[PDB]
>>> print(open('my_file-v1.json').read())   # JSON, N, CA and C atoms
[["chain", "number", "residue", "atom", "x", "y", "z"],
["A", 1, "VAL", "N", 105.60, 97.88, -75.30],
["A", 1, "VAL", "CA", 105.23, 97.39, -73.97],
["A", 1, "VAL", "C", 105.65, 98.42, -72.92],
["A", 2, "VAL", "N", 104.86, 98.55, -71.87],
["A", 2, "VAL", "CA", 105.27, 99.30, -70.68],
["A", 2, "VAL", "C", 105.64, 98.31, -69.59],
["A", 3, "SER", "N", 106.90, 98.32, -69.18],
["A", 3, "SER", "CA", 107.41, 97.41, -68.16],
["A", 3, "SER", "C", 108.18, 98.21, -67.12],
["A", 4, "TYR", "N", 107.85, 97.98, -65.85],
["A", 4, "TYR", "CA", 108.51, 98.65, -64.74],
["A", 4, "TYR", "C", 109.42, 97.66, -64.04],
["A", 5, "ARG", "N", 110.64, 98.09, -63.74],
["A", 5, "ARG", "CA", 111.64, 97.25, -63.09],
["A", 5, "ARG", "C", 111.54, 97.46, -61.58],
["A", 6, "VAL", "N", 110.87, 96.55, -60.90],
["A", 6, "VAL", "CA", 110.56, 96.73, -59.48],
["A", 6, "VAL", "C", 111.83, 96.58, -58.65],
["A", 7, "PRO", "N", 112.08, 97.45, -57.67],
["A", 7, "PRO", "CA", 113.22, 97.24, -56.76],
["A", 7, "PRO", "C", 113.09, 95.95, -55.97],
["A", 8, "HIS", "N", 114.14, 95.59, -55.23],
["A", 8, "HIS", "CA", 114.20, 94.28, -54.61],
["A", 8, "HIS", "C", 113.25, 94.18, -53.41],
["A", 9, "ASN", "N", 113.34, 95.13, -52.49],
["A", 9, "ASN", "CA", 112.44, 95.17, -51.34],
["A", 9, "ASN", "C", 111.32, 96.18, -51.60],
["A", 10, "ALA", "N", 110.54, 95.89, -52.64],
["A", 10, "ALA", "CA", 109.47, 96.77, -53.07],
["A", 10, "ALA", "C", 108.35, 95.92, -53.65],
["A", 11, "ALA", "N", 107.16, 96.53, -53.77],
["A", 11, "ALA", "CA", 106.01, 95.83, -54.30],
["A", 11, "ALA", "C", 105.24, 96.77, -55.22],
["A", 12, "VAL", "N", 104.78, 96.22, -56.35],
["A", 12, "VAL", "CA", 103.99, 96.96, -57.32],
["A", 12, "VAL", "C", 102.69, 96.20, -57.55],
["A", 13, "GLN", "N", 101.57, 96.92, -57.46],
["A", 13, "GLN", "CA", 100.24, 96.33, -57.58],
["A", 13, "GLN", "C", 99.58, 96.78, -58.87],
["A", 14, "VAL", "N", 99.07, 95.81, -59.63],
["A", 14, "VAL", "CA", 98.46, 96.08, -60.92],
["A", 14, "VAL", "C", 97.13, 95.33, -61.00],
["A", 15, "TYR", "N", 96.30, 95.73, -61.97],
["A", 15, "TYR", "CA", 95.05, 95.05, -62.25],
["A", 15, "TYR", "C", 94.84, 95.01, -63.76],
["A", 16, "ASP", "N", 94.47, 93.84, -64.27],
["A", 16, "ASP", "CA", 94.13, 93.69, -65.68],
["A", 16, "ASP", "C", 92.65, 94.01, -65.84],
["A", 17, "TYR", "N", 92.35, 95.25, -66.20],
["A", 17, "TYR", "CA", 90.96, 95.66, -66.37],
["A", 17, "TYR", "C", 90.29, 94.88, -67.49],
["A", 18, "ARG", "N", 91.08, 94.44, -68.47],
["A", 18, "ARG", "CA", 90.56, 93.63, -69.57],
["A", 18, "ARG", "C", 90.20, 92.22, -69.12],
["A", 19, "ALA", "N", 90.81, 91.72, -68.04],
["A", 19, "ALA", "CA", 90.63, 90.34, -67.62],
["A", 19, "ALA", "C", 89.92, 90.17, -66.29],
["A", 20, "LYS", "N", 89.63, 91.26, -65.58],
["A", 20, "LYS", "CA", 88.92, 91.22, -64.29],
["A", 20, "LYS", "C", 89.68, 90.35, -63.28],
["A", 21, "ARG", "N", 90.95, 90.67, -63.08],
["A", 21, "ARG", "CA", 91.77, 89.93, -62.13],
["A", 21, "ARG", "C", 92.76, 90.87, -61.46],
["A", 22, "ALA", "N", 93.04, 90.61, -60.18],
["A", 22, "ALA", "CA", 93.98, 91.42, -59.41],
["A", 22, "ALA", "C", 95.24, 90.62, -59.10],
["A", 23, "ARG", "N", 96.39, 91.27, -59.25],
["A", 23, "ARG", "CA", 97.65, 90.66, -58.87],
["A", 23, "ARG", "C", 98.61, 91.75, -58.42],
["A", 24, "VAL", "N", 99.32, 91.48, -57.33],
["A", 24, "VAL", "CA", 100.41, 92.32, -56.86],
["A", 24, "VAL", "C", 101.65, 91.44, -56.71],
["A", 25, "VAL", "N", 102.77, 91.90, -57.25],
["A", 25, "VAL", "CA", 104.03, 91.18, -57.17],
["A", 25, "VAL", "C", 105.01, 92.03, -56.38],
["A", 26, "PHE", "N", 105.48, 91.48, -55.26],
["A", 26, "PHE", "CA", 106.55, 92.06, -54.47],
["A", 26, "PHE", "C", 107.88, 91.55, -55.00],
["A", 27, "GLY", "N", 108.97, 92.01, -54.39],
["A", 27, "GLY", "CA", 110.28, 91.57, -54.78],
["A", 27, "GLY", "C", 110.76, 92.22, -56.06],
["A", 28, "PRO", "N", 111.91, 91.78, -56.56],
["A", 28, "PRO", "CA", 112.53, 92.37, -57.76],
["A", 28, "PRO", "C", 112.10, 91.69, -59.06],
["A", 29, "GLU", "N", 110.85, 91.87, -59.44],
["A", 29, "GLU", "CA", 110.34, 91.33, -60.70],
["A", 29, "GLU", "C", 110.18, 92.44, -61.73],
["A", 30, "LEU", "N", 110.15, 92.04, -63.00],
["A", 30, "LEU", "CA", 109.88, 92.94, -64.11],
["A", 30, "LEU", "C", 108.44, 92.73, -64.54],
["A", 31, "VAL", "N", 107.57, 93.65, -64.15],
["A", 31, "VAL", "CA", 106.15, 93.58, -64.49],
["A", 31, "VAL", "C", 105.99, 93.84, -65.98],
["A", 32, "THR", "N", 105.01, 93.18, -66.59],
["A", 32, "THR", "CA", 104.66, 93.39, -67.99],
["A", 32, "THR", "C", 103.17, 93.66, -68.07],
["A", 33, "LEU", "N", 102.80, 94.91, -68.33],
["A", 33, "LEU", "CA", 101.40, 95.31, -68.29],
["A", 33, "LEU", "C", 100.67, 94.81, -69.53],
["A", 34, "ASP", "N", 99.54, 94.13, -69.30],
["A", 34, "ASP", "CA", 98.63, 93.81, -70.38],
["A", 34, "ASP", "C", 98.00, 95.10, -70.90],
["A", 35, "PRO", "N", 97.42, 95.08, -72.11],
["A", 35, "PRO", "CA", 96.96, 96.34, -72.72],
["A", 35, "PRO", "C", 95.98, 97.13, -71.87],
["A", 36, "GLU", "N", 95.34, 96.50, -70.88],
["A", 36, "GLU", "CA", 94.47, 97.24, -69.96],
["A", 36, "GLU", "C", 94.94, 97.07, -68.52],
["A", 37, "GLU", "N", 96.20, 96.71, -68.32],
["A", 37, "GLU", "CA", 96.79, 96.71, -66.99],
["A", 37, "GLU", "C", 97.30, 98.10, -66.64],
["A", 38, "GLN", "N", 97.09, 98.49, -65.38],
["A", 38, "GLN", "CA", 97.48, 99.80, -64.91],
["A", 38, "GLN", "C", 98.18, 99.67, -63.57],
["A", 39, "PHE", "N", 99.01, 100.66, -63.26],
["A", 39, "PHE", "CA", 99.88, 100.63, -62.10],
["A", 39, "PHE", "C", 99.18, 101.23, -60.88],
["A", 40, "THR", "N", 99.77, 100.98, -59.71],
["A", 40, "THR", "CA", 99.34, 101.61, -58.46],
["A", 40, "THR", "C", 100.30, 102.75, -58.15],
["A", 41, "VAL", "N", 100.04, 103.90, -58.77],
["A", 41, "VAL", "CA", 100.85, 105.08, -58.49],
["A", 41, "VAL", "C", 100.56, 105.54, -57.07],
["A", 42, "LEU", "N", 101.61, 105.68, -56.27],
["A", 42, "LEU", "CA", 101.49, 105.97, -54.85],
["A", 42, "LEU", "C", 102.07, 107.35, -54.56],
["A", 43, "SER", "N", 101.22, 108.28, -54.17],
["A", 43, "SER", "CA", 101.68, 109.57, -53.68],
["A", 43, "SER", "C", 102.16, 109.41, -52.24],
["A", 44, "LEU", "N", 103.45, 109.67, -52.02],
["A", 44, "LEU", "CA", 104.07, 109.40, -50.73],
["A", 44, "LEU", "C", 104.62, 110.70, -50.15],
["A", 45, "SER", "N", 104.68, 110.74, -48.83],
["A", 45, "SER", "CA", 105.15, 111.91, -48.11],
["A", 45, "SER", "C", 106.67, 111.97, -48.13],
["A", 46, "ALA", "N", 107.21, 113.17, -48.32],
["A", 46, "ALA", "CA", 108.65, 113.39, -48.40],
["A", 46, "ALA", "C", 108.94, 114.78, -47.84],
["A", 47, "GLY", "N", 110.13, 115.29, -48.14],
["A", 47, "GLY", "CA", 110.57, 116.58, -47.63],
["A", 47, "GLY", "C", 111.39, 116.43, -46.36],
["A", 48, "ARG", "N", 111.92, 117.56, -45.90],
["A", 48, "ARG", "CA", 112.76, 117.51, -44.71],
["A", 48, "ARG", "C", 111.91, 117.19, -43.48],
["A", 49, "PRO", "N", 110.98, 118.07, -43.01],
["A", 49, "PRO", "CA", 110.12, 117.63, -41.91],
["A", 49, "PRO", "C", 109.13, 116.56, -42.34],
["A", 50, "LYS", "N", 108.28, 116.90, -43.31],
["A", 50, "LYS", "CA", 107.30, 116.03, -43.95],
["A", 50, "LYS", "C", 106.53, 116.88, -44.94],
["A", 51, "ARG", "N", 105.87, 116.23, -45.89],
["A", 51, "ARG", "CA", 104.99, 116.91, -46.83],
["A", 51, "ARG", "C", 103.75, 116.06, -47.05],
["B", 1, "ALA", "N", 118.64, 86.55, -49.35],
["B", 1, "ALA", "CA", 117.89, 87.72, -49.81],
["B", 1, "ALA", "C", 117.49, 88.61, -48.65],
["B", 2, "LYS", "N", 117.44, 88.08, -47.43],
["B", 2, "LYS", "CA", 117.18, 88.92, -46.26],
["B", 2, "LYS", "C", 118.29, 89.93, -46.02],
["B", 3, "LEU", "N", 119.45, 89.74, -46.65],
["B", 3, "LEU", "CA", 120.52, 90.73, -46.56],
["B", 3, "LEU", "C", 120.08, 92.07, -47.13],
["B", 4, "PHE", "N", 119.40, 92.05, -48.28],
["B", 4, "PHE", "CA", 118.94, 93.25, -48.94],
["B", 4, "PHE", "C", 117.56, 93.70, -48.46],
["B", 5, "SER", "N", 117.14, 93.24, -47.28],
["B", 5, "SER", "CA", 115.86, 93.65, -46.71],
["B", 5, "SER", "C", 115.82, 95.16, -46.55],
["B", 6, "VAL", "N", 116.70, 95.70, -45.72],
["B", 6, "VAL", "CA", 116.82, 97.16, -45.63],
["B", 6, "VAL", "C", 117.72, 97.67, -46.76],
["B", 7, "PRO", "N", 117.27, 98.63, -47.57],
["B", 7, "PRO", "CA", 118.09, 99.12, -48.68],
["B", 7, "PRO", "C", 119.15, 100.14, -48.27],
["B", 8, "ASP", "N", 119.12, 100.61, -47.03],
["B", 8, "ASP", "CA", 120.06, 101.61, -46.54],
["B", 8, "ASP", "C", 120.61, 101.17, -45.19],
["B", 9, "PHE", "N", 121.10, 99.93, -45.13],
["B", 9, "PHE", "CA", 121.55, 99.32, -43.89],
["B", 9, "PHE", "C", 122.59, 100.17, -43.16],
["B", 10, "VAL", "N", 123.43, 100.89, -43.91],
["B", 10, "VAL", "CA", 124.41, 101.78, -43.28],
["B", 10, "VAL", "C", 123.69, 102.84, -42.46],
["B", 11, "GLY", "N", 122.73, 103.52, -43.08],
["B", 11, "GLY", "CA", 121.96, 104.52, -42.36],
["B", 11, "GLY", "C", 121.13, 103.94, -41.24],
["B", 12, "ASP", "N", 120.56, 102.75, -41.46],
["B", 12, "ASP", "CA", 119.75, 102.11, -40.42],
["B", 12, "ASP", "C", 120.59, 101.81, -39.19],
["B", 13, "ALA", "N", 121.77, 101.22, -39.38],
["B", 13, "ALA", "CA", 122.64, 100.93, -38.25],
["B", 13, "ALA", "C", 123.07, 102.20, -37.54],
["B", 14, "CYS", "N", 123.48, 103.22, -38.30],
["B", 14, "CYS", "CA", 123.93, 104.46, -37.68],
["B", 14, "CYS", "C", 122.81, 105.12, -36.88],
["B", 15, "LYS", "N", 121.62, 105.21, -37.47],
["B", 15, "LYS", "CA", 120.51, 105.87, -36.79],
["B", 15, "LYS", "C", 120.09, 105.11, -35.54],
["B", 16, "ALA", "N", 120.04, 103.78, -35.60],
["B", 16, "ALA", "CA", 119.61, 103.00, -34.45],
["B", 16, "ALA", "C", 120.59, 103.14, -33.30],
["B", 17, "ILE", "N", 121.89, 103.00, -33.59],
["B", 17, "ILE", "CA", 122.89, 103.12, -32.54],
["B", 17, "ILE", "C", 122.93, 104.54, -32.00],
["B", 18, "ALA", "N", 122.84, 105.55, -32.88],
["B", 18, "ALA", "CA", 122.83, 106.93, -32.43],
["B", 18, "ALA", "C", 121.65, 107.21, -31.52],
["B", 19, "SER", "N", 120.46, 106.74, -31.90],
["B", 19, "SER", "CA", 119.27, 106.95, -31.09],
["B", 19, "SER", "C", 119.43, 106.35, -29.70],
["B", 20, "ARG", "N", 119.86, 105.09, -29.64],
["B", 20, "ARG", "CA", 119.95, 104.40, -28.35],
["B", 20, "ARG", "C", 121.06, 105.00, -27.50],
["B", 21, "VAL", "N", 122.17, 105.38, -28.12],
["B", 21, "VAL", "CA", 123.27, 106.03, -27.40],
["B", 21, "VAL", "C", 122.80, 107.35, -26.80],
["B", 22, "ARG", "N", 122.14, 108.17, -27.62],
["B", 22, "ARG", "CA", 121.66, 109.47, -27.14],
["B", 22, "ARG", "C", 120.65, 109.30, -26.02],
["B", 23, "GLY", "N", 119.72, 108.36, -26.16],
["B", 23, "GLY", "CA", 118.74, 108.10, -25.12],
["B", 23, "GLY", "C", 119.36, 107.67, -23.80],
["B", 24, "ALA", "N", 120.39, 106.82, -23.86],
["B", 24, "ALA", "CA", 121.02, 106.37, -22.63],
["B", 24, "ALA", "C", 121.91, 107.43, -21.99],
["B", 25, "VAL", "N", 122.68, 108.18, -22.78],
["B", 25, "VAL", "CA", 123.45, 109.29, -22.23],
["B", 25, "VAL", "C", 122.54, 110.38, -21.68],
["B", 26, "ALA", "N", 121.31, 110.46, -22.17],
["B", 26, "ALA", "CA", 120.32, 111.40, -21.65],
["B", 26, "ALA", "C", 120.01, 111.19, -20.18],
["B", 27, "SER", "N", 120.26, 110.00, -19.64],
["B", 27, "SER", "CA", 119.94, 109.68, -18.25],
["B", 27, "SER", "C", 121.11, 109.89, -17.30],
["B", 28, "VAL", "N", 122.25, 110.38, -17.80],
["B", 28, "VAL", "CA", 123.44, 110.54, -16.98],
["B", 28, "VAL", "C", 123.95, 111.97, -17.09],
["B", 29, "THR", "N", 124.59, 112.42, -16.01],
["B", 29, "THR", "CA", 125.20, 113.74, -15.99],
["B", 29, "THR", "C", 126.41, 113.78, -16.92],
["B", 30, "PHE", "N", 126.88, 115.00, -17.20],
["B", 30, "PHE", "CA", 128.07, 115.16, -18.04],
["B", 30, "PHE", "C", 129.28, 114.54, -17.36],
["B", 31, "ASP", "N", 129.37, 114.66, -16.04],
["B", 31, "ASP", "CA", 130.47, 114.06, -15.30],
["B", 31, "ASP", "C", 130.47, 112.54, -15.47],
["B", 32, "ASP", "N", 129.30, 111.92, -15.37],
["B", 32, "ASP", "CA", 129.21, 110.47, -15.56],
["B", 32, "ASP", "C", 129.50, 110.08, -17.00],
["B", 33, "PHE", "N", 128.96, 110.83, -17.96],
["B", 33, "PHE", "CA", 129.16, 110.51, -19.38],
["B", 33, "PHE", "C", 130.62, 110.69, -19.79],
["B", 34, "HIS", "N", 131.38, 111.46, -19.01],
["B", 34, "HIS", "CA", 132.79, 111.53, -19.33],
["B", 34, "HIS", "C", 133.67, 110.62, -18.48],
["B", 35, "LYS", "N", 133.31, 110.31, -17.24],
["B", 35, "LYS", "CA", 134.04, 109.31, -16.48],
["B", 35, "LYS", "C", 133.92, 107.94, -17.15],
["B", 36, "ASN", "N", 132.71, 107.40, -17.22],
["B", 36, "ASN", "CA", 132.50, 106.13, -17.91],
["B", 36, "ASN", "C", 132.03, 106.34, -19.34],
["B", 37, "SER", "N", 132.81, 107.09, -20.13],
["B", 37, "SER", "CA", 132.38, 107.45, -21.48],
["B", 37, "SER", "C", 132.14, 106.21, -22.34],
["B", 38, "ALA", "N", 133.21, 105.46, -22.62],
["B", 38, "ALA", "CA", 133.08, 104.26, -23.42],
["B", 38, "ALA", "C", 132.19, 103.23, -22.74],
["B", 39, "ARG", "N", 132.28, 103.11, -21.42],
["B", 39, "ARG", "CA", 131.48, 102.13, -20.69],
["B", 39, "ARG", "C", 129.99, 102.36, -20.92],
["B", 40, "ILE", "N", 129.50, 103.58, -20.69],
["B", 40, "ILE", "CA", 128.07, 103.80, -20.81],
["B", 40, "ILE", "C", 127.64, 103.81, -22.27],
["B", 41, "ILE", "N", 128.47, 104.30, -23.19],
["B", 41, "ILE", "CA", 128.06, 104.31, -24.59],
["B", 41, "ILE", "C", 127.99, 102.89, -25.14],
["B", 42, "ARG", "N", 128.92, 102.02, -24.72],
["B", 42, "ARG", "CA", 128.91, 100.65, -25.19],
["B", 42, "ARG", "C", 127.79, 99.83, -24.55],
["B", 43, "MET", "N", 127.43, 100.11, -23.30],
["B", 43, "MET", "CA", 126.22, 99.48, -22.77],
["B", 43, "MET", "C", 124.96, 100.14, -23.31],
["B", 44, "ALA", "N", 125.05, 101.39, -23.78],
["B", 44, "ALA", "CA", 123.91, 102.03, -24.41],
["B", 44, "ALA", "C", 123.51, 101.29, -25.68],
["B", 45, "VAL", "N", 124.49, 100.91, -26.49],
["B", 45, "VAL", "CA", 124.20, 100.30, -27.78],
["B", 45, "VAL", "C", 123.42, 99.00, -27.61],
["B", 46, "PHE", "N", 123.84, 98.15, -26.67],
["B", 46, "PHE", "CA", 123.26, 96.82, -26.51],
["B", 46, "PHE", "C", 122.98, 96.52, -25.04],
["B", 47, "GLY", "N", 122.28, 97.44, -24.37],
["B", 47, "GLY", "CA", 121.95, 97.30, -22.96],
["B", 47, "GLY", "C", 121.30, 96.01, -22.54],
["B", 48, "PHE", "N", 122.03, 95.22, -21.75],
["B", 48, "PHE", "CA", 121.54, 93.98, -21.17],
["B", 48, "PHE", "C", 122.49, 93.59, -20.04],
["B", 49, "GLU", "N", 122.30, 92.40, -19.48],
["B", 49, "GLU", "CA", 123.20, 91.87, -18.46],
["B", 49, "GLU", "C", 123.46, 90.41, -18.77],
["B", 50, "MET", "N", 124.63, 90.12, -19.36],
["B", 50, "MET", "CA", 125.02, 88.75, -19.68],
["B", 50, "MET", "C", 126.49, 88.48, -19.39]]
>>> encode(input="my_file-v1.json", output="structure tokens")
Amino acid sequence: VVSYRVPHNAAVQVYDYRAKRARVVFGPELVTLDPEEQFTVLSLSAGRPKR
Amino acid sequence: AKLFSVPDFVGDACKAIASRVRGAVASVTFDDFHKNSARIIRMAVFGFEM
């Protein structure tokens, strides 16, 4: 299983492509991806000034 | 659970107070900022009239 341990004040958005349904869980939950569930990888800005 | 809302509350408090302090001392001369040093910095943090 692929399971991500979500931080407390954080949200992870997934979709079950096998089931045609959308769900996003905020808060400190342990997501459990179905065999065709995929994550919302977020490219975020960082660096000293910004990137 | 609202306690853990901000994950870096130490930094949040320091940055907010530093910002407001700097902004308020920005409006006064060096002579004033040293005569009423604690007075203006403490009213800088929570500026109001009560």
>>> closest_atom_pairs(input="my_file-v1.json", of="chain B", to="chain A", cutoff="8 Å", atoms="all atoms listed in the file", output="Markdown table")
| residue | atom | partner | partner_atom | distance |
| --- | --- | --- | --- | --- |
| B:4 | C | A:9 | N | 6.0 |
| B:5 | C | A:9 | CA | 5.9 |
| B:6 | N | A:9 | CA | 7.1 |
| B:7 | N | A:9 | CA | 7.0 |
>>> select_by_dssp(input="my_file-v1.json", residues="chain A", states="strand (DSSP E or B)", output="mmCIF file with N, CA and C atoms, in the coordinates of the input")
data_model
loop_
_atom_site.group_PDB
_atom_site.id
_atom_site.type_symbol
_atom_site.label_atom_id
_atom_site.label_comp_id
_atom_site.auth_asym_id
_atom_site.auth_seq_id
_atom_site.Cartn_x
_atom_site.Cartn_y
_atom_site.Cartn_z
ATOM 1 N N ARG A 5 110.640 98.090 -63.740
ATOM 2 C CA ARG A 5 111.640 97.250 -63.090
ATOM 3 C C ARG A 5 111.540 97.460 -61.580
ATOM 4 N N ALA A 11 107.160 96.530 -53.770
ATOM 5 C CA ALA A 11 106.010 95.830 -54.300
ATOM 6 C C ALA A 11 105.240 96.770 -55.220
ATOM 7 N N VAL A 12 104.780 96.220 -56.350
ATOM 8 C CA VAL A 12 103.990 96.960 -57.320
ATOM 9 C C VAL A 12 102.690 96.200 -57.550
ATOM 10 N N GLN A 13 101.570 96.920 -57.460
ATOM 11 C CA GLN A 13 100.240 96.330 -57.580
ATOM 12 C C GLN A 13 99.580 96.780 -58.870
ATOM 13 N N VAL A 14 99.070 95.810 -59.630
ATOM 14 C CA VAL A 14 98.460 96.080 -60.920
ATOM 15 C C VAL A 14 97.130 95.330 -61.000
ATOM 16 N N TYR A 15 96.300 95.730 -61.970
ATOM 17 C CA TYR A 15 95.050 95.050 -62.250
ATOM 18 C C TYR A 15 94.840 95.010 -63.760
ATOM 19 N N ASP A 16 94.470 93.840 -64.270
ATOM 20 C CA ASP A 16 94.130 93.690 -65.680
ATOM 21 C C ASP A 16 92.650 94.010 -65.840
ATOM 22 N N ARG A 21 90.950 90.670 -63.080
ATOM 23 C CA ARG A 21 91.770 89.930 -62.130
ATOM 24 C C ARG A 21 92.760 90.870 -61.460
ATOM 25 N N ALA A 22 93.040 90.610 -60.180
ATOM 26 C CA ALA A 22 93.980 91.420 -59.410
ATOM 27 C C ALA A 22 95.240 90.620 -59.100
ATOM 28 N N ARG A 23 96.390 91.270 -59.250
ATOM 29 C CA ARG A 23 97.650 90.660 -58.870
ATOM 30 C C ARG A 23 98.610 91.750 -58.420
ATOM 31 N N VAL A 24 99.320 91.480 -57.330
ATOM 32 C CA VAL A 24 100.410 92.320 -56.860
ATOM 33 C C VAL A 24 101.650 91.440 -56.710
ATOM 34 N N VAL A 25 102.770 91.900 -57.250
ATOM 35 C CA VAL A 25 104.030 91.180 -57.170
ATOM 36 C C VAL A 25 105.010 92.030 -56.380
ATOM 37 N N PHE A 26 105.480 91.480 -55.260
ATOM 38 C CA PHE A 26 106.550 92.060 -54.470
ATOM 39 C C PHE A 26 107.880 91.550 -55.000
ATOM 40 N N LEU A 30 110.150 92.040 -63.000
ATOM 41 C CA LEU A 30 109.880 92.940 -64.110
ATOM 42 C C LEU A 30 108.440 92.730 -64.540
ATOM 43 N N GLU A 37 96.200 96.710 -68.320
ATOM 44 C CA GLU A 37 96.790 96.710 -66.990
ATOM 45 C C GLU A 37 97.300 98.100 -66.640
ATOM 46 N N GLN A 38 97.090 98.490 -65.380
ATOM 47 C CA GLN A 38 97.480 99.800 -64.910
ATOM 48 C C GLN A 38 98.180 99.670 -63.570
#
>>> atom_distance(input="my_file-v1.json", atom1="CA of residue 24 in chain A", atom2="CA of residue 5 in chain A")
13.8 Å
>>> atom_distance(input="my_file-v1.json", atom1="atom C of residue 16 in chain A", atom2="atom C of residue 35 in chain A")
7.6 Å
